[PDB]
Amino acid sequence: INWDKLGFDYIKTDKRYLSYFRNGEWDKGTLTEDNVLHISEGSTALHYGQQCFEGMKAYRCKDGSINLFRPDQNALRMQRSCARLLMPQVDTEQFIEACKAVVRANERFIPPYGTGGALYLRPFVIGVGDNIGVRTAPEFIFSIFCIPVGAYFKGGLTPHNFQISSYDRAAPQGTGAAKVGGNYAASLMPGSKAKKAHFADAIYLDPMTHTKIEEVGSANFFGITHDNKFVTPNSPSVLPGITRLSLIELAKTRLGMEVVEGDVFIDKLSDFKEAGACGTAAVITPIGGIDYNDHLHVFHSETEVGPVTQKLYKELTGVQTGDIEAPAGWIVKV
């Protein structure tokens, strides 16, 4: 395995976790080598979108130990996505133990310290069993597979351009705050249209008025104001990201920064001297410019990442890998 040339691509690892919900209960779960799921043709996950997923990383530390980053936060969010779709919830200790068992079973896929790589875990819950007619499924599967991943973009931290979309990933009172498959399906065509126009992704505005930024592709938006405040959107349809939460907490408690969670108007991009997108896969994607009504707004530079973004990226990656001592409760040693 060439650790440096790793991207964010499916690779079949050795074992995955698999657990069935039947007759009101989760089974005890197992680790299996089979990466093919065998599910009814009538699965609600395949007909009525009854599906949700999570994403988290484990990192090799310089001292050789293994950091699994904030899996409790994934557990909490998946409990909320399950509830929104009427699926049984996986309790937090069950969830974290399953994740740890998957990491333990696939340690040979963990990229070594210093490669910038990580082991990505994909838990998901899906409605299965024979069914027709929209309702919650009679059975469910909770599974977790992992893949070795490298830098999402190669070359390191560099600015990327994004394009405002006229389409919506989520409704004003829809499922946008749950990490569920229907939000992504709504993003397929808009994302494709932004990329065909040679942008990194689409940016989604609030679905009621299209006056406020909500999401950058499948990542949260942040702007850095001229007076150095970390600003990020707040609305019922924004996905509450764990990277965003982590950056908010590090900004407040480690970097001496002010945070604003509020309305980010698309007619006021001049408020920000830097901007970026955050999420588990990309960590931080710096935004060079946003194209809106066919004009490119550049915050800082098309060629250089601004210093505040660099400092946030340094802090967050340092905590993830064990080079900077983490806040209480963030790291689970595997």
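When you see a residue number, it is the position in the sequence shown, counting from 1.
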For this session: Output the stretch having the higher mean C-alpha B factor in the entry; the candidates are 296-304 and 25-33.
Result: 25-33
Problem set entry | Higher-B stretch (mean Cα B-factor, as the entry records it), 222-230 or 241-249 | 222-230
Exercise. Highest Cα B-factor in the deposition, which of 179, 160, 210, 169?
Worked result: 179
Exercise. Looking at 140, 124, 95, 113, which has the biggest Cα B factor in the entry?
Worked result: 113
For this session: Determine, from the deposited record, the chain-internal third of the Cα B-factor for residue 147: lowest, middle or highest.
Result: middle
Exercise. Looking at the C-alpha B-factor of residue 104, is it in the lowest, middle or highest third of its chain?
Worked result: middle
Problem set entry | residue 11 - Cα temperature factor, lowest/middle/highest third of chain | highest
Exercise. Compared with the other modelled residues in the chain, in which third is the CA B-factor of residue 47?
Worked result: middle
Exercise. Which third of the chain holds residue 153 when residues are ordered by C-alpha B factor: lowest, middle or highest?
Worked result: highest
